[PDB]
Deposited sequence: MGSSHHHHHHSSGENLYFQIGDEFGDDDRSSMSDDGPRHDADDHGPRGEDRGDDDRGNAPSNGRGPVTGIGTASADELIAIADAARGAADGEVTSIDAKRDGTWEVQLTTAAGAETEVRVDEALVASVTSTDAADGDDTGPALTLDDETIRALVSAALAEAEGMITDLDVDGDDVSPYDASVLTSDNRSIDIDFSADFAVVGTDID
């Protein structure tokens, strides 16, 4: 794939990840061909560790709104995210920026595509994943 990075900041992040999984100072950062990195740490003594370092996602709660006093009928289960992402990218090419199942019940799903133009396209979909609305 596109193995490697041009970012000192990323390499430093990868050194830092490894630095907290084992003792010793960093003596090698190496891109494996899957997408992961191997970092070698090395103690004053000469003890070598090898640390795998992967892209992770960390999730922290930001807000909260207790029960108004209805759950959701539909949801962004894995099926549903994959449908919307095709449907949306078919209708307009670019980066997906928003998916929601909030909607207005006859258009239950929404996606926002961002485009080279830096022009946002708010797309509206039927329960059956057909385009029913655009806003460019």
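In sequence order, the deposited residues that have no C-alpha coordinates form the ranges 1 to 67, 137 to 138, 206.
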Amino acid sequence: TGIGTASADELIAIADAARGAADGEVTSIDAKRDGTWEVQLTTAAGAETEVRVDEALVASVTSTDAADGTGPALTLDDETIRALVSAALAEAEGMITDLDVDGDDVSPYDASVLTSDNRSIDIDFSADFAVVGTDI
From here on, numbers count along this sequence of modelled residues.
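Looking at 101 to 109 and 46 to 54 together, the entry lists the larger mean B-factor for 101 to 109, computed on C-alpha atoms. For the two regions 7 to 15 and 114 to 122, the entry's Cα B-factors average higher over 114 to 122. Ranking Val61, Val26, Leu84, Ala67 by the C-alpha B-factor listed in the PDB entry places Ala67 at the top. Compared with the other modelled residues of the chain, the Cα B-factor recorded for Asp78 ranks in the lowest third.
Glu93: CA B factor lies in the highest third for its chain, per the PDB record. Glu38 sits in the middle third of its chain by CA B factor, as recorded in the PDB entry.
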